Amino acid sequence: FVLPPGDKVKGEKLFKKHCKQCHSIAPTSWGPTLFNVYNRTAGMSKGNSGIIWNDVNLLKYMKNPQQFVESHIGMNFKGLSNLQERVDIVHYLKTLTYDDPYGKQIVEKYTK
């Protein structure tokens, strides 16, 4: 499969419209810069040089990002309904700080 014919001017305009809001194009934004993203190793490769942002992968991601993530990583986070579970997770996250004994031990581990 090769990339079908297209219009890079329409492409730049569609990028302004649909992607610029969260993506820079400089070598500051919420999402990663999309400069030199073509054939670049995708960040979701770290989830658990995997996935390359080639033509097919760019077309599939843009069609349905959540489905793409689920299909290539195997899982995805769509939310936790149980309020108590989220409360417990927040209780855990509050200890992940430099002034809590648990977070102190974390700094110990990842610093050695």
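From 1 onward, residues are counted along the sequence shown.
- Gap size between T28 and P27, counted in deposited residues that the entry leaves unmodelled: Per the deposited record, the segment joining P27 and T28 lacks coordinates for 4 to 9 residues.
- Message: Can you tell me whether 101 to 109 has a higher mean C-alpha B factor than 2 to 10 in this record, or the other way round?
- Response: Result of the comparison: 101 to 109.
- Message: Please compare 79 to 87 with 51 to 59 and name the stretch with the higher mean C-alpha B-factor in the deposited structure.
- Response: Comparing 79 to 87 with 51 to 59, the higher mean C-alpha B-factor belongs to 51 to 59.
- Message: Looking at the temperature factor on the CA atom of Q66, which third of the chain's modelled residues does it land in?
- Response: Its C-alpha B-factor belongs to the highest third of this chain's values.
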